[PDB]
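Inspection log for the structure reproduced underneath, given as structure tokens.
Neighbour counts are summed over all protein chains in view; Cβ atoms, including those assigned to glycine, are modelled from backbone coordinates with ideal geometry. Read-outs throughout are calculated quantities, based only on the coordinates presented, and are distinct from any laboratory measurement.
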Amino acid sequence: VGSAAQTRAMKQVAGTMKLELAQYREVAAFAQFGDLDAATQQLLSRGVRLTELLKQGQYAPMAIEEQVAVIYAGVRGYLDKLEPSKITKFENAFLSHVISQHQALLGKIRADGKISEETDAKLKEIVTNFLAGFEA
Amino acid sequence: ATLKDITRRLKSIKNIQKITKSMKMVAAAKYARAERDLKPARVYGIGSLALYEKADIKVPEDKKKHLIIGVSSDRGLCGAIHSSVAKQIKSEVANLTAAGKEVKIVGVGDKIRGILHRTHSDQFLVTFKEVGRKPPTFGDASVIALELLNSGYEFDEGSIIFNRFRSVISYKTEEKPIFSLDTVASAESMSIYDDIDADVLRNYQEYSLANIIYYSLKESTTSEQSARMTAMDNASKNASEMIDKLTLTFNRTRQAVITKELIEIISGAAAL
Amino acid sequence: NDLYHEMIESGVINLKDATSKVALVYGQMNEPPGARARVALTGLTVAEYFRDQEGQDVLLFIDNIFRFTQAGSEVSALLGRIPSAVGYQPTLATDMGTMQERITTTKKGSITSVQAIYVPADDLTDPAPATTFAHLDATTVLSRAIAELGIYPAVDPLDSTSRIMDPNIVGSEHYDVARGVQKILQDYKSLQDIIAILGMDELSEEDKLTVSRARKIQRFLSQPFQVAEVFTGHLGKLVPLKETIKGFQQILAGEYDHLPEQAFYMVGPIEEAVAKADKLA
Amino acid sequence: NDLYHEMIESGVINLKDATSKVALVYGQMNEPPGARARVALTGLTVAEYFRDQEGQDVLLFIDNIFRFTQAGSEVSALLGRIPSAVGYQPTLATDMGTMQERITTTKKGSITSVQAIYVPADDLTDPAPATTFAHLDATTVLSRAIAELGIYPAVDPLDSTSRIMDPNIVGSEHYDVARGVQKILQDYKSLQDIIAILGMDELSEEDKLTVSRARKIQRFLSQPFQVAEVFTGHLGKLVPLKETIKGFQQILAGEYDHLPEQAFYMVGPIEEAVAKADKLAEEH
Amino acid sequence: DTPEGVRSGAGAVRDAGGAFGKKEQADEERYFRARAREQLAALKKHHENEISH
């Protein structure tokens, strides 16, 4: 970890993302589906969502705050309903929407280095609103 | 592909082969038992068949509802035993429900349930588990039929689907109609029948349902066991081919490793 | 000798007037090891002249560059050098780079180099083929197993790579199609073990779809070749890129799931595949 | 540097007073091969002084003794020796013994030595780790596969051995519990192969019970470490030997079969194990 | 038989790390993940019962 060589805002979502992805890896390695929605299908859907979130293109580095935003969007379950093959489109669209409209949010995240409760509430509003308005 | 990797894969496939062979033996024993009592079950089921064999009865033109009784086990590793039954059920529910008949499916066999749990879950009224683990008998069919009546669903038309045992290697997904409805059971064919009353006719159709469920289970269980034995034998054969190839690769790699270390040591010696 | 006479017939090598467009340098296996280690440099020099002095684009086709390295190993022992891994010369990387670096497009001219590289014992971890990978923009790896199944050409779909496979270069549609094909073939490879032991029966109906579609793609990758007409008896089919992209789109989507997989084998465009499918009545 | 600073704040090394309790000999990989082959000798010489001249008990902690052997392999060719198997120096066992025999508890004094041994490419058959096995009374092998499972520490339950593992020495109850744990884990290893083909919903109830108990034991093996508080995030725990024996004995008996497996992961005593289960139920 | 022949051991399927090993790993998790939920729910019911009494 580099003795806390990761920004606090990134840590907050990264810990849960790591745990969820570990659990998803442990359970979704069969491809021989039988029937446990609450336990497995819930977990593996979130794992697929987080993997699509992790997928990234070439020669397009993302700023740490934008990564925090997208990883937040995926890890809070807001994208669980989103289609697994449409997650990437949502990632790109949400990134653009945040950068353009809510650039102040990104600035605050970067300046503070930590997502406070108030910043979390702002992120909740942003993601929920865009997610509802994502598909016209 | 280190010798370590080749060894790991070879050992794993060897273990798989051993397990599959033992499983084939156990399935063979179970199939031997299931074929044994299939002969007593056979004539008993033929007794149920005789009803429509002699008193030829057909669904008039259409039934308001319908019942599809797809029988199977809960244990897989039996090729397409469950798959074939599920396919037949899907074809029928596609064939029906065009005329308006509301088909309902009782999934005796958690395998059948799961196969249709994600498409036809609504049509499932009740699904019966613990099928295939224990050799079926009439009392089991008694439970299934009784709970079917306890549901109260108006199964005017019924259909049972099962893999009838053809041979040790072949099975046929036969379908036998269940003209459970009293109206269809009382057709022109029974004009010449004397003592039969409507009440005891409904009772007779109920007992026929129970015993046809019994007969269907025995055929399916024998087919399932035979298929499982054959599949495990085939898996063992495939494992044998794979381990033969892997052993050849292992020998080549081992000799290569010895040669390579020899060459390294010789090169080190000469350089000195 | 075949290629020389074939080019003469085609007119690429005219023995009457100076309309010839191809020069030939030959260092065939009959030559001593020293000669085989320098003929590639001879062909490279005659290509270099056209690249720089004449300023004309050239296509340098070299056969078995591996033989250049192999010749070096044979003379390295007699040159008094401590043998390297396997037994190759200790200067494999340096001499190979010196040769390859000269075969490059410059600002004066362009040289499209098609170099065939033999892998010893069908082994790509061998030092000679392994080092060659770094000197190639596009790499095509033929596999014996694919040839055993009958698919010709035997290009390995999941091993061959290229540097122009960039969505901003080759196009988004093309990139997506290629990546999807590779993905479905990779998933089929991942399910190979379960298939090989248990049987295809013990798979999800979704998995069966992936297996069925992947096999159709593998068959459709095969293409009759014009130089292979005299071998297979089937006329070669030069398929335009757009047709390949569209056909693989259609196969990936599922439009031709009903068609048998055999109908996709040794065909040109997907239209020939559907025609063959109907023919298979 | 991390160790040096940590011991400074921990108090083991006092830069102000003269109550420091740990001496440091460091030759890192930045050092030349020759230096990396004698730092162990320097450290053990200091320990020997703390054993013979002063009749005290010493603790010699050496990291990656393997480097002692590897450094010799980097210079044997220049020294003029024909390479031995794999590539190590022909004087592997002799030099390793010459070093190791010095690190012992004489009748004058005791030296409890903990030596970390890097296993090249996770191959215990490699000559460097293989030779060092004979020189160590108690061996604890860390398996990568267990670490991939998440159990930390990744001690391999079926590979670690100690000479004092004797019912006469550790006690009958301790020995019985340990052997039972090892046996149940072996039987679980056997059962996994069956599982892969049959299916978990096909095994017998005895097989399912054995698998469940073995998984519970494997989870309970994991123990959060104080030094690993930074990594895991859980507070470090120290389990007394009596509590360890009691907890594993209870799990073997089956008294905690009703508790979920998760409750036994990254806990201290079985009291923490049962308490965690209640928290999950409250959060269920 | 002859000792020279390669001999397999318990756990080889999982040790290989192949498809069959991964299937065994996931299958064990899917079963006990569900079992833990049943066990946890039963513990919650037990806790509620003792709270009532």
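What does the charge dipole of region A:1-101 about its Cα centre add up to, to the nearest 20 debye, if the Cβ of each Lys and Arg holds +1 and the Cβ of each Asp and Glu holds -1? Provide the component values of the computation, followed by the final result.
On the way: 11 positive and 10 negative charges, 42 e Å.
That gives region A:1-101 a dipole magnitude of about 200 debye.
May I ask you to evaluate 6.51 cos²θ - 1.76 cosθ + 1.60, the Karplus curve with θ = phi - 60°, for each residue of region B:157-171 and list the ³J(HN,Hα) values in order in whole Hz, giving x for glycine and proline?
Once θ is set to phi - 60°, the couplings for region B:157-171 become 10, x, 8, 10, 10, 7, 8, 5, 6, 9, 9, 4, 10, 10, 9 Hz.
Assuming 0.36 nm per residue, please report the length gained on full extension of the stretch D:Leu24 to D:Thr139 beyond their Cα-Cα distance. List each step's numbers first, then the result.
Numbers: separation 115, 0.36 × 115 = 41.40 nm, distance 2.40 nm.
That works out to 39.0 nm of additional length.
Mind listing the long-range amide H neighbours of B:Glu102? Cut-off is under 5 Å, sequence gap 5 or more, other chains count too, H placed in the peptide plane at 1.01 Å from N.
B:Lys65, B:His66
Looking at C:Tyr188, C:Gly109, C:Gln226, which one has the Cα that reaches farthest to the positive end of the dipole of chain C (charges on Cβ: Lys, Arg +1; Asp, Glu -1)?
C:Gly109
Using a ≥ b ≥ c from the Cα gyration tensor of region B:5-64 (square roots of the eigenvalues), is it rounded, prolate or oblate, where a/c under 1.5 gives rounded and otherwise the larger of a/b and b/c decides, a/b for prolate? Don't jump to the answer; show the numbers that get you there.
Details: a/c = 9.11, a/b = 2.54, b/c = 3.58.
Since a/c reaches 1.5 but b/c is at least a/b, the shape of region B:5-64 is classed as oblate.
Identify, among C:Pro32, A:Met62, E:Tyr31, the residue whose Cα sits farthest towards the positive end of the charge dipole of the protein assembly as shown, taking +1 on the Cβ of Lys and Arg and -1 on the Cβ of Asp and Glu, with the dipole about the Cα centre.
Selected residue: C:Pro32.
How are the alpha carbon pair distances in region D:132-284 distributed across 10 Å bins from zero to the largest one, expressed in percent?
The distribution over region D:132-284 is 10, 36, 38, 15, 2, 0, given as percents.
Per 0.36 nm of contour for each residue apart, how much would the distance between C:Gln53 and C:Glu206 grow if the chain were fully extended, relative to their Cα-Cα spacing? Before the final figure, lay out the partial values.
Details: separation 153, 0.36 × 153 = 55.08 nm, distance 5.99 nm.
Taking 0.36 nm per residue and subtracting the Cα distance, the gain is 49.1 nm.
Volume per residue, Å³, of the convex hull around the alpha-carbon atoms of region C:179-265? Before the final figure, lay out the partial values.
Numbers: hull volume 10.2 nm³, N = 87.
Measuring per residue, one finds 117 Å³ for the Cα hull of region C:179-265.
For a test of the definition: using alpha carbon positions, the gyration tensor, and the 1.5 limit on a/c, classify chain D as rounded, prolate or oblate. Could you put the intermediate results ahead of the total?
On the way: a/c = 2.12, a/b = 1.58, b/c = 1.34.
Taking the square roots of the gyration eigenvalues as a ≥ b ≥ c, chain D is prolate.
Compare the Cα positions of A:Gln103, B:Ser121, D:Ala253 along the charge dipole of the protein assembly as shown (+1 at Cβ of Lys, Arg; -1 at Cβ of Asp, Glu; about the Cα centre) and return the one farthest towards the positive end.
Comparing the listed Cα positions along the dipole, D:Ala253 ranks first.
May I ask you to list the GluC sites (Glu not before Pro) in region C:1-60 that are in a DSSP loop and have at most 12 other Cβ atoms within 10 Å of their Cβ?
Those that pass, being in a loop and sparsely packed, are C:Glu54.
From the backbone phi of region D:136-142, what are the Karplus-calculated ³J(HN,Hα) couplings (6.51 cos²θ - 1.76 cosθ + 1.60, θ = phi - 60°) in whole Hz, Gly and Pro given as x?
Once θ is set to phi - 60°, the couplings for region D:136-142 become 10, 6, 10, 10, 10, 9, 8 Hz.
Ignoring everything except DSSP H segments at least 4 long, calculate the 222 nm mean residue ellipticity for the protein assembly as shown; use -39,500 (n - 2.57) per segment, divide by total residues, nearest 500.
Values: 40 runs with 564 residues, N = 1026.
Calculated from helices alone, the mean residue ellipticity at 222 nm is -18000 deg cm²/dmol.
Please report the antiparallel percentage of DSSP beta bridges with both residues in the protein assembly as shown, rounded to the nearest 5. If you can, show how the numbers build up before the last one.
Values: 13 of 33 bridges.
Counting DSSP beta bridges with both partners in the protein assembly as shown, the antiparallel share is about 40 percent.
Using Cα pairs closer than 8 Å and at least 6 residues apart in sequence, work out the relative contact order for chain D, in percent.
Values: 312 pairs, mean separation 30.7, N = 284.
After rounding, I find 11 percent.
So what does log10 I(q)/I(0) come out to for region D:95-135 at q = 0.14 Å⁻¹, using the Debye formula with one equal point on every Cα and no solvent?
-0.38
When the Debye formula is applied to the Cα atoms of chain E, each taken as the same point scatterer, what base-10 log of I(q)/I(0) results at q = 0.22 Å⁻¹?
-0.84
As an exercise, take the mean of 1/r over every pair of distinct alpha carbons in region C:25-65, invert it, and state the Kirkwood radius in angstroms.
Values: mean 1/r = 0.0911 Å⁻¹.
It is 11.0 Å.
Would you compute, for the Cα atoms of chain A, the largest minus smallest coordinate along each principal axis and list the three values in descending order, in whole Å?
Projected onto the principal axes, the Cα atoms of chain A cover 48, 45, 33 Å.
Using r as the Cβ-Cβ distance of C:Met165 and B:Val26, and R0 as 60 Å, what FRET efficiency do you calculate, to the nearest 0.05? Mind showing how you got there, number by number?
Working: r = 52 Å, r/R0 = 0.86.
The computed FRET efficiency comes out at 0.70.
What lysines does B:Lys14 reach when the alpha-carbon gap must be under 22 Å and sequence neighbours fewer than 8 apart in one chain are set aside?
Leaving aside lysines fewer than 8 places away in the same chain, those within reach of B:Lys14 are B:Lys4, B:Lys24, B:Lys237, B:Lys245, C:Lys189, D:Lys189, E:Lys22, E:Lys23.
May I ask for the distance between the Cα centers of region D:5-57 and region E:1-30, given as a whole number of Å?
Spelled out, the Cα-based centre of one part sits 45 Å from the other.
Specify the residue with the greatest mean-square fluctuation among C:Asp166, C:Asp63, C:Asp17, computed from a Gaussian network of chain C linking alpha-carbon atoms under 10 Å apart.
Result for chain C, Cα springs under 10 Å: C:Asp17 fluctuates most.
Please identify every one of the trypsin sites (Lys or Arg not before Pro) in region B:153-230 that sits in a loop by DSSP and has no more than 13 other beta carbons within 10 Å of its own beta carbon.
Details: sites: B:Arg164, B:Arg166, B:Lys172, B:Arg202, B:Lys218, B:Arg228; in loops: B:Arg166.
Answer in residue order: B:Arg166.
Once Rh is set to the Kirkwood radius over Cα pairs, what Stokes-Einstein translational diffusion coefficient, in µm²/s, holds for region B:193-272 at a temperature of 37 °C and a viscosity of 0.692 mPa s? If you can, show how the numbers build up before the last one.
On the way: Rh = 19.4 Å.
Translational D for this selection: 169 µm²/s.
So, with +1 on the Cβ of K and R and -1 on the Cβ of D and E, and no other charges, what is the size of the charge dipole of chain C about its Cα centre, to the nearest 20 debye? Before the final figure, lay out the partial values.
Working: 25 positive and 38 negative charges, 136 e Å.
That gives chain C a dipole magnitude of about 660 debye.
Is there a quick way to get the dipole size of the protein assembly as shown? I mean about its Cα centre, with the Cβ of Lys and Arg at +1 and of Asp and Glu at -1; what is the value in debye to the nearest 20?
Values: 117 positive and 138 negative charges, 242 e Å.
About 1160 debye.
What are the GluC sites (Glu not before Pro) within region C:223-262 that DSSP puts in a loop, where the Cβ has at most 13 other Cβ atoms within 10 Å?
Numbers: sites: C:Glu229, C:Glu243, C:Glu255, C:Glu261; in loops: C:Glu255.
Within region C:223-262, the qualifying GluC sites (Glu not before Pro) (loop, at most 13 other Cβ atoms within 10 Å) are C:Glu255.
I need the P(r) histogram for chain B: all alpha carbon pairs, bin width 10 Å from 0 out to the longest distance, whole percents.
6, 24, 25, 16, 9, 7, 5, 3, 2, 1, 0, 0
Working only with C-alpha atoms, what are the Rg and Dmax values of the protein assembly as shown, expressed in angstrom?
Just the Cα atoms of the protein assembly as shown yield Rg and Dmax of 36.2, 119 Å.
Under a straight-distance cross-link criterion of Cα-Cα below 30 Å, which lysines are reachable from D:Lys21, leaving out those fewer than 8 residues away in the same chain?
D:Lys107, D:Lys108, D:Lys237, D:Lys242
Along each of its three principal axes, how wide is the spread of alpha-carbon positions in region B:82-220, in whole angstrom units, largest first?
Here the Cα extents, ordered largest to smallest, are 44, 35, 29 Å.
Rounded to a whole number, what is D in µm²/s for region B:30-112 from Stokes-Einstein with the Kirkwood radius over alpha-carbon pairs (25 °C, 0.890 mPa s)?
Working: Rh = 15.3 Å.
It diffuses with D of about 161 µm²/s by this estimate.
Taking neighbour counts of Cβ atoms within 10 Å as a proxy for exposure, in what order, fewest first, do A:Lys18, D:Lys216 appear?
Numbers: A:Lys18 12, D:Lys216 26.
So the ranking, lowest neighbour count to highest, is A:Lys18, D:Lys216.
Can you tell me the relative contact order of region D:103-253? Whole percent, Cα pairs under 8 Å, sequence separation 6 or more. Write out the running numbers ahead of the final one.
Numbers: 118 pairs, mean separation 25.1, N = 151.
About 17 percent, as a whole number.
Pull up all non-local amide H partners of C:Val25: gap of 5 or more, or a different chain, and H-to-H distance under 5 Å with H placed in the peptide plane.
Hits under the 5 Å cutoff: none.
Average the reciprocal distances over every distinct pair of alpha-carbons in region C:65-182, invert the result, and give the Kirkwood radius in Å.
Numbers: mean 1/r = 0.0603 Å⁻¹.
It works out to 16.6 Å.
Where does the Debye-calculated log10 I(q)/I(0) of region B:1-159 sit at q = 0.09, 0.12, 0.13, 0.15 Å⁻¹, using only Cα point scatterers of equal weight, no solvent?
Results for region B:1-159 at q = 0.09, 0.12, 0.13, 0.15 Å⁻¹ read -0.43, -0.69, -0.78, -0.96.
Across region C:230-281, what fraction of all alpha-carbon pairs, as a whole percent, falls in each successive 10 Å bin from zero upward?
All Cα pairs, binned at 10 Å, distribute as 25, 53, 21, 2 percent.
Based on the alpha-carbon gyration tensor of region A:57-136 and its eigenvalue square roots a ≥ b ≥ c, which shape applies: rounded if a/c is under 1.5, prolate if not and a/b is larger than b/c, or oblate? Could you put the intermediate results ahead of the total?
Details: a/c = 1.72, a/b = 1.27, b/c = 1.36.
It is oblate, given that a/c is not under 1.5 and a/b is not larger than b/c.
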